[PDB]
C-alpha cells in the first residue's frame with residue numbers, strides 16, 4: 001500500500017565512457033532494458049554506482065568479472 005506504481009528506476013541517463021579499473025568494482029546490478037537502454041551499474045568497494053551499457057564490451061567484461069549485485 002503506497003508508491004506501488006513507482007517501480008525502481010535503476011536506469012541512468014548516460015553510461016560512463018571511461019574504462020573502470022575492473023578490480024575496483026565488487027558487483028554489477030542489471031539496469032532494466034525497458035528504460036532508455038540496457039545497462040549495468042557497478043558497485044565499487046566504496047558503494048559508488050557506475051552506470052554502463054550491458055551491450056558495451058568493457059561493460060559485459062566487468063559483468064563477467066564481478067557478480068550481480070543482490071541490491
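Every number here is computed from the coordinates shown, using simple stated rules; none is lab data. Reconstructed Cβ throughout: ideal geometry from the backbone, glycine too, with neighbour counts over all protein chains shown.
Only residues that are out of contact with any helix residue (DSSP H, G or I) (no Cβ under 9 Å at 6 or more places or on another chain), assigned to a strand (DSSP E or B) and more than 15 Å from residue 8 (Cα to Cα) were counted across the stretch 32-48, and they come to 1.
If the condition is being surrounded by 14 or more Cβ atoms within 10 Å (Cβ to Cβ) and part of a loop (DSSP other than H, G, I, E, B), then the stretch 1-31 contributes 10, 11, 12, 15, 16, 20. Within the stretch 49-59, the set of residues being buried (at least 20 other Cβ atoms within 10 Å of the Cβ) and in contact with a helix residue (DSSP H, G or I) (Cβ under 8 Å, 6 or more places away or on another chain) comprises 52 only. For the stretch 32-47, the set of residues classified as under 12 Å from residue 69 (Cα atoms) and surrounded by 12 or more Cβ atoms within 10 Å (Cβ to Cβ) consists of 40, 41, 42, 43, 44, listed by residue number.
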